[PDB]
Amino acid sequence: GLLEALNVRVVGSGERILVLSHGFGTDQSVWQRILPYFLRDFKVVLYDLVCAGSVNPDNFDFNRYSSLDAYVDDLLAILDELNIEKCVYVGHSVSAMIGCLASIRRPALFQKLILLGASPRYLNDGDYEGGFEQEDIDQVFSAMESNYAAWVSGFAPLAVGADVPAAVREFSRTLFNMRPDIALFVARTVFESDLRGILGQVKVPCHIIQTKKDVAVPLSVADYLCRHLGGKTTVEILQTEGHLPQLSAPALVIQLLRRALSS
């Protein structure tokens, strides 16, 4: 029942497998603007993280999903049930770290990882600029508790970054679709994560796609991933502002993604 519960979709006529995994606050509809342009060369697998509002919250086990490993378990169980033994994986935001952890568990499963808006750690640490202090994320948690709508209206336009009203509308919609207690629980999981230690164990090639101005990911984080991932790594700067460029600048994302995929 995992395929139905996480709204797994297999679409396209291509011969290679492309997996699209979204970040916190949205669902697989975040890929709607770029999805048509990869169905020729790839058979695309999409799914919703267990925390998405489009997933019945009866599936969210707070004990189980206290760790990102449970999200990795879901991803691997989906690919196993689909009999997928090799794929290229695009992970947006937290799904990028989910892909890295999954590649460590299954080194032969992932041919290439494409990290979109990826960060191993959002909290600052000395010269490591993650972009946030504990006071920052504590203010986020406090805002979600006192008034969830007030937090959404502050997070959605700043996450989109650029003045693209259609992208703000879409990201606001999926954020308001999320249950407030789940949003608070999962934000704590992502905001307080630190995967810097396991980056060296990732051996598959990684393509890092970073926007020129991301409120959630400083530029130095993209170069940190480049230097510490244990395999072949390349960094490309999307010439746009925002943390969800597949919504706010799809044409540029399609161009860059086609290059990284040889399509």
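From 1 onward, residues are counted along the sequence shown.
Student: Could you check the entry and say whether 30 to 38 or 197 to 205 has the higher mean CA B-factor?
Tutor: Stretch with the higher mean C-alpha B-factor: 197 to 205.
Student: Comparing 254 to 262 with 4 to 12, where is the mean C-alpha B-factor higher?
Tutor: It is 254 to 262 that shows the higher mean C-alpha B-factor.
Student: By the entry's C-alpha temperature factors, tell me which of 174, 153, 83, 119 sits highest.
Tutor: Most elevated C-alpha B-factor of the set, per the entry: 83.
Student: Per the entry's values, where does residue 140 land by CA temperature factor relative to the rest of its chain, in the lowest, middle or highest third?
Tutor: CA B-factor rank for residue 140: middle third.
Student: Where does the C-alpha B-factor of residue 78 rank in its chain, lowest, middle or highest third?
Tutor: CA B-factor rank for residue 78: middle third.
Student: Test of reading the entry: by CA B factor among the chain's modelled residues, which third contains residue 103?
Tutor: It falls in the middle third of the chain.
Student: Comparing against every modelled residue in the chain, figure out the third that the C-alpha B-factor of residue 92 lands in (lowest, middle or highest).
Tutor: It belongs to the lowest third of the chain when residues are ordered by C-alpha B-factor.
Student: Based on the entry's values, in what third of the chain does the Cα temperature factor of residue 131 lie: lowest, middle or highest?
Tutor: Middle third.
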